[PDB]
Amino acid sequence: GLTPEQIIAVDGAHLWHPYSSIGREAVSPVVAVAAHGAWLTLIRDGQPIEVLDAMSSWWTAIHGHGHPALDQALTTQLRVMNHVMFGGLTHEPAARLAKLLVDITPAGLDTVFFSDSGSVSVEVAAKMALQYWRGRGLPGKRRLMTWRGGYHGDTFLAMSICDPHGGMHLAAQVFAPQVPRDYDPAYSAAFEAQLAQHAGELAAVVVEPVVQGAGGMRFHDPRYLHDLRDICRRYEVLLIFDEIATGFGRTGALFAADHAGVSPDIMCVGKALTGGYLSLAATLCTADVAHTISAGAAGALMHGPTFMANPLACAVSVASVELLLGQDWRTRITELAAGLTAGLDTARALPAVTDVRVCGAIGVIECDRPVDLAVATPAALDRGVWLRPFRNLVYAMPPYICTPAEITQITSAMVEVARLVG
Amino acid sequence: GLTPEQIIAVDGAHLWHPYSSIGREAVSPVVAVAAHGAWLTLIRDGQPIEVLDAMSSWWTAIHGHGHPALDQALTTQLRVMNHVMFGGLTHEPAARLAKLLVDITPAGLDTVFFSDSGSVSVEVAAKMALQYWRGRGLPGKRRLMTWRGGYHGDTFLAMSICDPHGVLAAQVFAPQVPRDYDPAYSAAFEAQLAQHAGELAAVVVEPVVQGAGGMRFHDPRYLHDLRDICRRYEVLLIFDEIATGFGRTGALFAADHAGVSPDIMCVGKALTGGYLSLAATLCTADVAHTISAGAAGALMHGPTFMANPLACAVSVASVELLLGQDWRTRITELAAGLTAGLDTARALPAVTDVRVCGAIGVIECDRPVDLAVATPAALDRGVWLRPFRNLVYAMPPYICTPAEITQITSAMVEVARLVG
Ligand SMILES: Cc1ncc(COP(=O)(O)O)c(/C=N/NC(=O)[C@@H]([NH3+])Cc2c[nH]c3ccccc23)c1O
Ligand SMILES: Cc1ncc(COP(=O)(O)O)c(/C=N/NC(=O)[C@@H]([NH3+])Cc2c[nH]c3ccccc23)c1O
Ligand SMILES: [Mg+2]
Ligand SMILES: [Mg+2]
């Protein structure tokens, strides 16, 4: 056991944090001691306080923390079978989860490859695309194309398709310009012309549909995805959708691809898949992709993580997916978006604010200058909210269980850090 | 809910398995329905059968399945806090685990970066090495060197240091390290490293045991040589202990057989006792401080589920359970049982070698082992074995009794007998 003071001492000496230093941290981490529902208990000045998890712990906690149905699914599975190797063995949690994911994802995605993290699932999707074209006798189709503004994880291949300026740029991939928010057919015509020149060396287009999360919380018209589907079909390039942040209702559709009625050839999901309990991700592909890989000289997808298809993670994901589908989740997200829109409207008039935008249960204030976390974090904590701004963005992706009142507290805190920026 | 028959139906239609095809698998998976201690319950011909998990579920289940101390650590943490983002927050399970890992790993490893899988932890170690030399103003030091026979995961950078014969970055490979110590091999490794030193960020190897690449063992004195070569030529040394850690080779970490400390080390697999995916990359203070003072100012990596409290809490319990008992005597007794039980295999006509290292036992055969013959032969004897290439091997849970070890080795000998 450790007191909060001892936690901070160990942390400062021995723990790396995301995109951080050791011993140069201008702001040291805050100790979290409990989480329940939409609330985190954090230690502030040696006193525990409850604050709203406005970020859903980086998009994961869609049902909140410690939801009784998800806890019970985990403890039920734990009593039976914690984990067995997926080499030569299968089990009921993987089968239940695979069946669910195939039924609820865009039509045509009928096979499921489980992995342990989103970045790995993106690498599996790339491996699938590359082995597909090798199986078609076109091994020159080796590169990936994307548009700027994206984020796909931190492994070396995933990094090669992240926005180059938001990754300090590895494989040299093809980047189209930033897709705009409002639909401009000239953008799609130019994307096509750029892809056409590279078609013979391109295995896939990879994009985040409708919402680009970690790269800038930018939204784009779903009609762009119909254009990509059509360009990819006409030029013999696969289409991969990275729905690791957008899946499971977040943008108001079950998957963002559903806003456009398009099906990619390959899709990645993660994050909210387990309700934020455990790391799990999945890469889905069409029957054609699967059969082409399996019929190639290679004969098999050469990927297999040790903890593939972990029964505990699958069991809680089954419960999390069923809990979502068993409720009127579509109405719940619409009400969340309306609450975010009403709460963030005051921000439109603030002098440091450039844009306010909402899409499903995602709210964003974009500012004209970086927001200083040394100012933003205490301002938000004083208002009972945990917010984590980055670059010039103050944003929220709240749990689906937040009441109207909790949304008022979250948006009030966002507007106030925006007011403090100017 | 699904019966076993329905599980097999869904599985065959919708689930990819490791290193497999869809619809072309000559062998379909067996349904597992329970696991307790060293035993799995599998469905065979519609009936449940108990079999020993001789593989510890791919090296992870060192305390067996459903151990009460690990079950309870997980449920205790579940009642408090499932998960919080590690960006701007810290918590007691991560701190308790980092404190443990720093104290039990080779000396000088003082900082801990948690990730969700072994493959990712290997890429973090490569990122640490590359950012280290950039922080020293030597960004030409960009490549990795290893010896043949290795395996480090399936992500694209990890694949680049896998044995090429068993789109990728072009790394530097020394020949297969032999089992017996030969100073000529170390001299040749040194001569090859010397030619590339100005472009090498790190040497990366699995110490003492190379697992997935062939279950090959090598004399620990080679690691003393690598440490000295790396120190003299200013190349970082990275040990991948994802399979060898936590007592498996008879020492707590295989590097301890040599008394060597690398600059960077990866651990995983048995870290959680086989409950949950977790991995960690450790580095010295000097590596950490050089990266933090570099133009970057930070290690540019950070997975969503970094330092997951549930995974950390169960790992803390697994490590403390291992340290709280006389694990060294346990592993010596397990190794003695494997040696005694596998001795009969040496004289079999298809067997090329029998070798044991700690709680690892290997029969190397003169032909690839046919899983369609080996798997029922092993199940008929109450043992789950998963051969690969020409190897029949076991890495059993540390809780196996002498009789269970004898049952495992008797089953291994019998599949080896069937190969010829
Ligand atoms: C030292 C080290 N470094 C990194 C990693 C990656 O770690 P991760 O999987 O991403 O968590 C590992 C993972 N080893 N995994 C296995 O041995 C199993 N797949 C069994 C396995 C080994 N040969 C095989 C051949 C065919 C089928 C299964 C297997 C590691 O041993
Ligand atoms: C669509 C999609 N695809 C793949 C992955 C990889 O997923 P994984 O992390 O390997 O499981 C994710 C992960 N998003 N992660 C987060 O939002 C933050 N933790 C990262 C994060 C927080 N500040 C940052 C500043 C700069 C860059 C990244 C970050 C994803 O959104
Ligand atoms: Mg379908
Ligand atoms: Mg490898």
# chains A, B, ... in the order shown; residues from 1 in each chain; ligands from 1
$ select_by_dssp --residues "segment 134-311 of chain A" --states "strand (DSSP E)" --output "PyMOL selection string"
chain A and resi 143-147+174-176+202-207+211-212+218-219+238-242+266-269+281-286
$ residues_around --residues "residue 178 of chain B" --least-positions-apart "6" --cutoff "12 Å" --atoms "only C-alpha atoms" --output "JSON, numbers by chain"
{"B": [147, 148, 149, 184, 185, 186, 208, 209, 210, 216, 217, 218, 219, 220, 221, 222]}
$ closest_residue --among "B:162, B:124, B:80, B:378" --to "ligand 4" --atoms "only C-alpha atoms and all ligand atoms"
B:162
$ residues_around --residues "residue 397 of chain A" --least-positions-apart "2" --cutoff "7 Å" --atoms "only C-alpha atoms" --output "NGL selection string"
:A and (54-56 or 59 or 361-363 or 399)
$ residues_near_ligand --ligand "ligand 3" --cutoff "12 Å" --atoms "only C-alpha atoms and all ligand atoms" --output "list in words"
residues 98, 99, 100, 101, 102, 103, 104, 105, 106, 107, 108, 109, 110, 111, 112, 263, 264, 265, 267, 284, 285, 286 and 287 of chain A; 13 and 14 of chain B
$ residues_around --residues "residue 252 of chain A" --least-positions-apart "3" --cutoff "8 Å" --atoms "only C-alpha atoms" --output "NGL selection string"
:A and (249 or 256 or 330 or 333-334 or 359-361)
$ write_last_selection --atoms "N, CA and C atoms" --output "CSV table (one decimal), in the first residue's frame"
chain,number,residue,atom,x,y,z
A,249,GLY,N,-21.3,4.5,-31.2
A,249,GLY,CA,-22.4,5.5,-31.0
A,249,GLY,C,-21.9,6.9,-30.8
A,256,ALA,N,-19.3,5.6,-37.5
A,256,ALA,CA,-19.3,6.8,-38.3
A,256,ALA,C,-19.6,6.5,-39.7
A,330,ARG,N,-29.5,5.9,-29.5
A,330,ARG,CA,-29.5,7.0,-30.5
A,330,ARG,C,-30.1,8.3,-29.9
A,333,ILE,N,-27.6,9.8,-27.4
A,333,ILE,CA,-26.6,10.7,-28.0
A,333,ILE,C,-27.1,12.0,-28.5
A,334,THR,N,-28.3,12.0,-29.1
A,334,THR,CA,-28.9,13.2,-29.6
A,334,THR,C,-29.1,14.2,-28.4
A,359,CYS,N,-20.5,17.2,-32.5
A,359,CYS,CA,-20.9,16.1,-33.4
A,359,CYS,C,-21.2,14.9,-32.5
A,360,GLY,N,-22.5,14.6,-32.4
A,360,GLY,CA,-22.8,13.5,-31.4
A,360,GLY,C,-22.4,14.0,-30.0
A,361,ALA,N,-21.8,13.1,-29.2
A,361,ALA,CA,-21.3,13.3,-27.9
A,361,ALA,C,-19.9,13.8,-27.9
$ closest_atom_pairs --of "chain A" --to "chain B" --cutoff "6 Å" --atoms "only C-alpha atoms" --output "CSV"
residue,atom,partner,partner_atom,distance
A:7,CA,B:95,CA,5.8
A:10,CA,B:95,CA,5.9
A:11,CA,B:95,CA,5.9
A:14,CA,B:111,CA,4.3
A:15,CA,B:112,CA,5.1
A:16,CA,B:113,CA,5.1
A:18,CA,B:302,CA,3.9
A:19,CA,B:300,CA,4.7
A:20,CA,B:298,CA,4.7
A:21,CA,B:298,CA,4.5
A:29,CA,B:88,CA,4.6
A:30,CA,B:89,CA,4.8
A:31,CA,B:90,CA,4.9
A:32,CA,B:91,CA,5.4
A:34,CA,B:81,CA,4.8
A:35,CA,B:81,CA,4.8
A:57,CA,B:85,CA,4.9
A:80,CA,B:34,CA,5.2
A:81,CA,B:34,CA,4.8
A:82,CA,B:275,CA,5.6
A:83,CA,B:275,CA,6.0
A:84,CA,B:57,CA,5.4
A:85,CA,B:57,CA,4.8
A:88,CA,B:29,CA,4.6
A:89,CA,B:29,CA,4.7
A:90,CA,B:31,CA,5.0
A:91,CA,B:32,CA,5.4
A:95,CA,B:7,CA,5.8
A:110,CA,B:14,CA,5.9
A:111,CA,B:14,CA,4.3
A:112,CA,B:15,CA,5.1
A:113,CA,B:16,CA,5.2
A:154,CA,B:301,CA,5.7
A:277,CA,B:82,CA,5.5
A:279,CA,B:305,CA,5.9
A:294,CA,B:21,CA,4.9
A:300,CA,B:21,CA,4.4
A:301,CA,B:19,CA,5.4
A:302,CA,B:19,CA,4.6
A:303,CA,B:19,CA,5.3
A:304,CA,B:18,CA,4.1
A:307,CA,B:277,CA,5.9
$ select_by_dssp --residues "segment 195-355 of chain A" --states "alpha helix (DSSP H)" --output "number ranges by chain"
A: 195-198, 223-235, 287-295, 311-325, 329-344
$ residues_around --residues "residue 385 of chain A" --least-positions-apart "2" --cutoff "9 Å" --atoms "only C-alpha atoms" --output "ChimeraX atom specification"
/A:39,50-54,377,379-383,387,409-410,413-414
$ residues_around --residues "segment 171-175 of chain A" --least-positions-apart "3" --cutoff "6 Å" --atoms "only C-alpha atoms" --output "PyMOL selection string"
chain A and resi 143-147+160
$ residues_near_ligand --ligand "ligand 2" --cutoff "8 Å" --atoms "only C-alpha atoms and all ligand atoms" --output "PyMOL selection string"
(chain A and resi 18-19+58-59+116-122+150-155+158+166-167+208+212-215+242-246+268+270-271+279-281+390) or (chain B and resi 85+87+301-306)
$ atom_distance --atom1 "atom CA of residue 94 of chain A" --atom2 "atom CA of residue 404 of chain B"
29.3 Å
$ atom_distance --atom1 "atom CA of residue 338 of chain A" --atom2 "atom CA of residue 356 of chain A"
13.3 Å
$ atom_distance --atom1 "atom CA of residue 344 of chain B" --atom2 "atom CA of residue 396 of chain B"
19.1 Å
$ residues_around --residues "residue 100 of chain B" --least-positions-apart "4" --cutoff "8 Å" --atoms "only C-alpha atoms" --output "PDB file with N, CA, C and O atoms, in the first residue's frame"
ATOM      1  N   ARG B  96       2.908   1.113  -7.351  1.00  0.00           N
ATOM      2  CA  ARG B  96       3.350  -0.103  -6.688  1.00  0.00           C
ATOM      3  C   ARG B  96       4.062  -1.036  -7.657  1.00  0.00           C
ATOM      4  O   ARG B  96       5.056  -1.679  -7.288  1.00  0.00           O
ATOM      5  N   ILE B 104      13.467  -5.369  -8.651  1.00  0.00           N
ATOM      6  CA  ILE B 104      13.796  -6.769  -8.923  1.00  0.00           C
ATOM      7  C   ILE B 104      14.510  -6.978 -10.258  1.00  0.00           C
ATOM      8  O   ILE B 104      14.999  -8.091 -10.514  1.00  0.00           O
ATOM      9  N   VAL B 316       0.966  -6.741  -9.810  1.00  0.00           N
ATOM     10  CA  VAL B 316       1.549  -6.544  -8.489  1.00  0.00           C
ATOM     11  C   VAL B 316       1.360  -7.800  -7.655  1.00  0.00           C
ATOM     12  O   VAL B 316       2.284  -8.267  -6.985  1.00  0.00           O
ATOM     13  N   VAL B 319       3.599 -10.740  -9.069  1.00  0.00           N
ATOM     14  CA  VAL B 319       5.005 -10.597  -8.742  1.00  0.00           C
ATOM     15  C   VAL B 319       5.237 -10.849  -7.265  1.00  0.00           C
ATOM     16  O   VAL B 319       6.159 -11.578  -6.888  1.00  0.00           O
TER      17      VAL B 319
END
